Amino acid sequence: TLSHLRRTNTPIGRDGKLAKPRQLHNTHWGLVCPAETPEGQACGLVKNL
Amino acid sequence: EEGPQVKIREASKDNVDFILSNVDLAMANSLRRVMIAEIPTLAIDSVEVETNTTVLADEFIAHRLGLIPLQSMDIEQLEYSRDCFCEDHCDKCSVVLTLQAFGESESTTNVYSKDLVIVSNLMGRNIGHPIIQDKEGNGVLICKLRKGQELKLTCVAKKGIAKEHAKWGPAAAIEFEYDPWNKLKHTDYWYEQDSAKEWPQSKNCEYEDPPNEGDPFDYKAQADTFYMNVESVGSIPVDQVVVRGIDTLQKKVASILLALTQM
Amino acid sequence: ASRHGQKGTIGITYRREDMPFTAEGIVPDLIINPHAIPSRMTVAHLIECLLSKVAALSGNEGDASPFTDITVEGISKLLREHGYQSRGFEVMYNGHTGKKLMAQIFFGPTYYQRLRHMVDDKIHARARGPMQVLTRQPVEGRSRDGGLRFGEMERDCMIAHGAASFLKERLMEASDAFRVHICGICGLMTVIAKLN
Amino acid sequence: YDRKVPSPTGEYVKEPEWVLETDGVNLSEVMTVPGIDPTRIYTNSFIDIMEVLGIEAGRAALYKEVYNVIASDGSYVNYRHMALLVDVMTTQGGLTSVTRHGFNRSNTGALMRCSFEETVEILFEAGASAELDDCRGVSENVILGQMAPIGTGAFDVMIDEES
Amino acid sequence: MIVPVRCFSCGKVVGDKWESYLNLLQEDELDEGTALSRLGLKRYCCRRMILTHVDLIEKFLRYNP
Amino acid sequence: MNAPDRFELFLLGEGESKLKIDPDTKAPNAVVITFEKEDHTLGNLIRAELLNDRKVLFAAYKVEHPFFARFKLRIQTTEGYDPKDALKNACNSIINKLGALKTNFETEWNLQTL
Amino acid sequence: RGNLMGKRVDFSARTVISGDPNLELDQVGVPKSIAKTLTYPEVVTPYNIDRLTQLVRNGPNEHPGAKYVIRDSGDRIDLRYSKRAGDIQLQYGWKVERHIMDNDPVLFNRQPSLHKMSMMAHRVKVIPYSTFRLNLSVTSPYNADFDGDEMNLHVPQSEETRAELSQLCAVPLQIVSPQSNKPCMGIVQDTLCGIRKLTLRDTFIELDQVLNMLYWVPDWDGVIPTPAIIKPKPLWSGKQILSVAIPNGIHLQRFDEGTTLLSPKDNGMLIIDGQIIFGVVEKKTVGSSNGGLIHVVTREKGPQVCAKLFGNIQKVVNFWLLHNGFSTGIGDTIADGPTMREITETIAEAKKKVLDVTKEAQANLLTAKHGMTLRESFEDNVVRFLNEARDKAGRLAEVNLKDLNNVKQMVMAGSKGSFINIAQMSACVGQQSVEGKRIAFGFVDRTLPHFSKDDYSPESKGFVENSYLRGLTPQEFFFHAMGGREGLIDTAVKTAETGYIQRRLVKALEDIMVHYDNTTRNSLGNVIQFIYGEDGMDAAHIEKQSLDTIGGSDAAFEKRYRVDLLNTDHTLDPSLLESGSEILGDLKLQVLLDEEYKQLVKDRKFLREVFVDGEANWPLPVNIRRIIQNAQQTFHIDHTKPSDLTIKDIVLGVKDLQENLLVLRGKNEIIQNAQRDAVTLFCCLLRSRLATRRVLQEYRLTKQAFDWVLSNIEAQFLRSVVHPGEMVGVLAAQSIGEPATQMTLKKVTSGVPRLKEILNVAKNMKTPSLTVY
Amino acid sequence: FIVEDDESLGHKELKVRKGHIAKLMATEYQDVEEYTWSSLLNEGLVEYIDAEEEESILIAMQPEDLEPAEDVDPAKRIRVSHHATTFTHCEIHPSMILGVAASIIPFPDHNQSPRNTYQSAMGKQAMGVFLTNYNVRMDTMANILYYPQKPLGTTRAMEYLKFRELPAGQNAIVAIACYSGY
Amino acid sequence: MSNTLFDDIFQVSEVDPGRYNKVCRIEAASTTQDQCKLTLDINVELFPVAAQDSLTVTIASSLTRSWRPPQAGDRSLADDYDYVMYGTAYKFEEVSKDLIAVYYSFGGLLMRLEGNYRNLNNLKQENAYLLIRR
RNA sequence: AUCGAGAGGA
Ligand SMILES: Nc1nc2c(ncn2[C@H]2C[C@H](O)[C@@H](COP(=O)(O)OP(=O)(O)OP(=O)(O)O)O2)c(=O)[nH]1
Ligand SMILES: [Mg+2]
Ligand SMILES: [Zn+2]
Ligand SMILES: [Zn+2]
Ligand SMILES: [Zn+2]
């Protein structure tokens, strides 16, 4: 129940080319969980805070 | 007598601790297993729920009743239900008991194993009573009722071996150790610097002599002398748990022998 | 599953007797394999278990909060005061035979979890059931007695084996297989086959 | 680079040699430089090797280059397997890739190349150009629910009247 | 959700001990380490049965009907 | 749901005997007995006793699979000794030792207090 | 693609799988529920009518029983309802769908199925409980685990399908895999780790234990083997009773490293008929290795004989281990007081070495390498400097691990775990990367906002100095998490990019199969290869065997092949040949030895020309070395008495054999030439090991035994040839396809990205490069 | 947390003092005075920082050990140093970087990363008391564990996670050992 | 039938526990014979062997079918010895000229014996025991 | 039973 109500969804992307959105970025420190994320389908696109 | 040799160390109503000299590891072991899970006892095996308005669910309670320890002193004169020629269960092969509990007060009504009442005819034998070792005089919490909560149950105990369900185990936990100093070298001790400084010396070292670095390895010696402590739940007293242990082993060894005759 | 990504099912269930046992007379509720350990480097699993033993004895809570000055060293110190040997080990006996196990064992409390998906929810079997309407094929889902997909990836395997007839039998005598009538001149399914 | 070469005496000894490594490729003009050995010069681009040194050199390059990715990763596959891949990529005269653009074009039966990527596009132009489907390919008999020319079907069985 | 009757791993009755457990902690003001030990619960298997025990029943009764 | 009821570990099914006897083909004077609804509790105790006897040449039991309660005991005796008798002797020994134990223990129990 | 290339089908099942060590390799534990659910149409014949009626009487609710009886008319008789379900009289020609019972052939896969080894026949054992039970050694061609994998099962419905399941897709028949000319199944985990333990020189098992083990092997001849020790206490050695499971006439030799037929460190292996002579048994021996025991016993004794081998080795080792036990503590990751102090000083010495190259680079006194940035020279240095430190740390930690250390013992056995694992657990986890470079500046000019700007030091850029036993720091933890997620990404991206490689591979090689003239065509009848594999042979049969014509001194080649009859120093001692004295001299014979040696010379030049690197070990049909050892132990030949062969029986014999090796059978110029070429290489090998000097001096063959050796070589050859029908198309696609899917990760592109270029035939490629000589 | 050099007595110190902590726990113990999160925020002791403003400040990981003043137990991990002068803010506690699921893994820092990911999937599929009124609601599927147990190893986070009061997992006795090979 | 095959007296020069706990490889020199050396694996737990000891090594080949336990004391048994093993002979190496060396394996524990006058004695045979005393 | 979407499993 908890961590469902704290989920974040990012969709996909555009026309130029590149930058890697699935990857955990430095700035996530303290705001978005490093560990918690679903494996496969939408790995790193979905996040918990 | 002639072979095996016992010496009780400490003994109380719930624990027996003893040395068991001059026997084969195989036997000492088999005495363990047959204590653990082959001496028959009595315990609730069918519950018929009539009204249950508690927070705990039906099958939940039923399960909790299974576990409740029942006095099984004269359990050998009670038959198994699978054997008895009746229909389902009788007074010859089962003990039937009733529980009734209702919310009386504001303070949460409690339901104990004390509140279970024998309803079948015992015929003078010491069976079926619910065992209480509680100082407060009522043992084992069954359920809790609130303002106006009602429980009304009918439990039929039956005869069973623990092999059929862990509820009919009369044994709890059974301590077992042989050759406290590694003198038979049956184990390779895991270490970092020093073996003996790192591993702790057991209660049972004061009854055997150290190995003395100077002596070579004894290879002809085998396993003898076994330190044990047999605990009991209270359905059979300690003394008998080991006795009946020895007896049931003896019985099913014999039935092998008597089935060579019939062949 | 433990609390460390270390996941696994029950292979068999032994009873207290067949089960290995310490001198005190404890049985394990649970035996996991040592091979699931060094490859996955879940050290914390061991740590928890060492912690968890000392909390069961001491009557205290085990503090497993990440960044702290809690160290396997100080846990062992605490344990050896309590009687058992510092690194989780305990000499056990083989329940079958009674003979002391040659190697000592790492034993101790560890919080385990039960997950959804149990076997009886999973098992499914079919032998001639309900078809689809449009395809005349077996129906997805075991919820209504369906049938498993012999996809192209499983087909490629019967090819590499060279089992042709079985490749047919699964794609005709099970699943589909219909009987149509073809005209000799034009190769179409026009024919109004007035049988009987 | 370390290189095993035959000693006068007969045995193999390790010769040290200096080899030069590039970044960018225009092979038509690098080999024709005086000073180098234009019999051993290699490229990781098998597409350039095909343009310069003929189809068959490219075929060994293309293998060298497939072999290289497998081997270096620890894994070991047997030569015939890779050689079958390479050889199929090479026998139509050019470098026929394993994608809808390459292999799914090569006058093969309509039904077959249907099982892959461009499904209905194939069918349309096969209706047009009136393509006859041979029915000797696996995929065609899978579709038709008939026994494929495959091991068991490679041949035929008949009774014969004695003996 | 209730004490276990009898600890999974040993067998020993632990059901009758909960009542006394809370008394030895609250009234007598003893630490849980001695509260497990006074109740005769010597091995850890039968100690984790009671210390780790969460008693939700009390909260389940809170619901009126 | 595919669980086989627990009684099948000690209760004997339909036309199953407690013992089955079989001559061994491979070694001369050897016999392989299949004990129904039994296990280590019993196998180990007999194979141990079938070893103290100096007229037995071979002694071993195994539970083929843990899922079923059964176990196979193979015995090999010296010429002029019947194996069925070695098992008979072996069994009696066991009962004797046990009868002693029981008596020695009761003697010791009665000499205690508390 | 969805309704035709693959249809949902009938007669199928699926449950969770679990492992079963007291089960046989080619079996499969179908649960009773499923058993009763699935079926097989069986026509009533006089042979089965009794055994079959029994079943119909049993009905559909009691296991060995049946549902449905089909009549002549074809009307179905539902035995769960019906009035006449305890009546029915079976006529000859009716069909009776019965439940599956023991030893039926079923097909059993695990998806994704990127192999032929992903689909295999098993004999059914029916069993209580809900899981499909399988053999712990058939784990790896399926790549399944018991953490919760689901597996599928299919049931044939024709007699002929039952056949073309158990003759072709049968598990034993799948053991030596074609992909990689070695077996694919081995011994694993407990049995692997336990076997090492048993084989140790110190491992001595005494009477009582030994008799149970003997009894445990079902193939045991009922004959107690004689104990290696009969002093005070008769003790058998580990190696002793394990050798009971190893069949007769199995030969194995290896030589690991420090191995001198004396084995000071118990290196290597030697198995002389059945018994094992020296060396610990491990992965290299009984794993799914190339020159191993499984590769031997398969080709030698048979599949069926080898499939029962797996059984035996497990029934014994699993037993032994059940009573020896084995474990893993935290204690096994703890390392010594001085070692921990020393591990830190190692780290501390590469810390200051990174700091000093930085200080040199900050002073602009940093010489830039040819063709790279000053900044790239710095990174390149600091990474390599910290990688050396993790490995000096780890190796340091591995030297300190005792022999009784549990972790080390699995690494030694080769059961699980490897060097990296030890370093990370006890010493330090080392540097953490994302996308090649070490952890980059996310925030402006700093990695986290706990550091200052422009801080290139080791700790700020994600060198995790700490071990897992010490624990990671807040900063450290997050950096690990970065590079962690990176691998989770590809395990979810790569995995599906690779499945797309396989479809593409598969759909284009599909119809490639060798026809009945070893030609290798497609659907059209277009030739792709003129002989398959350019050599005609099936890849399962082929194995790695050395060519001793290539290496060694010109003088060392002489002292080994050359027979000069007209030289008293270089003739064949009359001790070797029966007719030794009466050959010395001669004239007509020395033409044939100048004929033979002339060829061994024309071979040696040619092999050096083909294999210019000068590599001697190559895969090749028929293992000769093993045939020659099979002669000299079969015929019990003493190395003292002279051979009864003629110098003419050897030379002219080996040339007659050559003649009937036969890959292609055309009887005209063109095909005759291809027949010559298809064998060339094999013959260079034939001529090398079957040369007059060796046949007599090195391994002393007698006329009878020598003609046998020729007989075998021919038979074993002919058997190695590829069978027309073989769909090589799929075979190779899968063979490249699968190992690709196994890959999971100095400037060049390698791996999956690289392969994607190759197959796509990319014009715009990432790392082009010449290599000029 | 805020760090200002607001010290006559010396150096750069944390705005919050022990006196503040004592008032804060005077509000826990009385469950008069009334000191909450807002009273910290309003007094100016705590300060909401978003990711863009995080770009301009320098944070300290631990209060005590990252700014006191200017032997080693070998067992404790190797931590860097101070090596920064101008701390503007400090961290409330490093372990607060984790989500709800990862908060229940004991010693995540002593344990390899991607694994700590796995636990955070399975946690959500672990089974127990999901709400105390489970009897009363009518949900398609609810699984409730017979005998929940607050684990013997806890994380401080589980305090606020209410996990201690609503477990999903019993506390098995666990042997790691090669037994039967099952 | 049954006969002795070799007899000699050796003196121990080196003792080495090569990462083991129950086994040692032992190097012994021969008395009188200046062309003879011995290397052998010996179970030091059962029969301890120290440096600078003198041992007597025999080989024999008798005093095929299962093994038989006790009742051998009721039998005649060619053993006035302490340590006794059974083995296989595998290689027969030639250290130049007239100088031969034999190799045994007692289910794992190895033996290497060097000399010359044992040419018509130690055959290429499945048998071969080993006896050490005092 | 048909479509579309989401969550998980290996
Ligand atoms: N013996 C051996 N096993 C390996 C090797 N490489 C990987 N493995 C095993 C360990 C892993 O369990 C598996 C591959 O990675 P996984 O992502 O499956 O790891 P994990 O241990 O989490 O297993 P799981 O994800 O639960 O299937 O195969 C190897 O080189 N040798
Ligand atoms: Mg898996
Ligand atoms: Zn009755
Ligand atoms: Zn028409
Ligand atoms: Zn307990």
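Chains as they are written, first to last, in the deposited numbering: chain A, 491 to 539; chain B, 3 to 265; chain C, 981 to 1176; chain D, 1287 to 1449; chain E, 1 to 65; chain F, 1 to 114; chain G, 337 to 1081, 1092 to 1119; chain H, 638 to 668, 676 to 714, 722 to 833; chain I, 1 to 63, 76 to 146.
Ideal Cβ positions, reconstructed from N, Cα and C, are used throughout, including at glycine.
| Item | Value |
| --- | --- |
| Against chain G, with Cβ distances strictly below 8 Å, would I701(H) count as a contact? | yes |
| For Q968(G), which residues in chain I fall below 7 Å Cβ to Cβ? | By Cβ distance, chain I contributes nothing, its closest Cβ being about 11 Å from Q968(G), past 7 Å. |
| Within the present structure, is the beta-carbon of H91(B) separated from the nearest heavy atom of ligand 3 by less than 7 Å? | yes |
| Which residues bound the beta strand (DSSP E) around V18(B)? | 17-23 |
| Could you spell out the range, first to last residue, of the beta strand (DSSP E) harbouring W572(G)? | 571-573 |
| So, at 7 Å on beta carbons, what are the nonlocal neighbours of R1124(C) in its own chain, with the 5 sequence-adjacent residues on each side left out? | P1110 |
| Quick one: is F1069(C) near chain B, going by C-beta distance under 8 Å? | yes |
| Less than 7 Å separating the Cβ of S473(G) from some heavy atom of ligand 7? | Ligands present in the displayed structure are limited to ligand 1, ligand 2, ligand 3, ligand 4 and ligand 5, and ligand 7 is not among them. |
| When the cut-off is 8 Å and only beta carbons count, does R80(I) lie next to chain F? | yes |
| Is the separation between the beta-carbon of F738(H) and that of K649(H) shorter than 8 Å? | yes |
| Assuming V652(G) is part of the beta strand (DSSP E), what are its boundary residues? | Per DSSP, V652(G) belongs to no beta strand (DSSP E); it is in the alpha helix (DSSP H), 639-660. |
| Quick one: grab the DSSP three-state call for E233(B). | strand |
| Can at least three beta-carbon pairs, one atom from the segment 73-86 of chain B and one from the segment 157-169 of chain B, be found at a separation below 8 Å? | yes |
| On the three-state DSSP scale, how would you describe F815(G)? | helix |
| Could you run through the segment 1105-1120 of chain C and flag, in chain order, every residue whose CB is less than 7 Å away from some CB of chain E? | none |
| List the residues of chain C that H65(F) touches, going by C-beta distances under 7 Å, in chain order. | Chain C residues near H65(F): none, gap ~10 Å exceeds 7 Å. |
| Quick check on DSSP: helix, strand or coil for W954(G)? | strand |
| How do the segment 396-407 of chain G and the segment 496-503 of chain G stand: do at least 3 beta-carbon pairs fall below 8 Å, yes or no? | no |
| Alpha carbons only, please: which of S454(G), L784(G), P1075(G), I630(G) is nearest the one belonging to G522(G)? | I630(G) |
| Check the DSSP bridge columns for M97(I) and list the partner residues they point to. | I565(G), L142(I) |
| Cβ-heavy atom distance between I1165(C) and ligand 4 below 7 Å? | yes |
| Hey, does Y666(H) have any beta-carbon neighbour from chain E nearer than 8 Å? | no |
| Report buried or exposed for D642(H), applying the criterion of at least 16 other Cβ atoms within 10 angstroms of its Cβ. | exposed |
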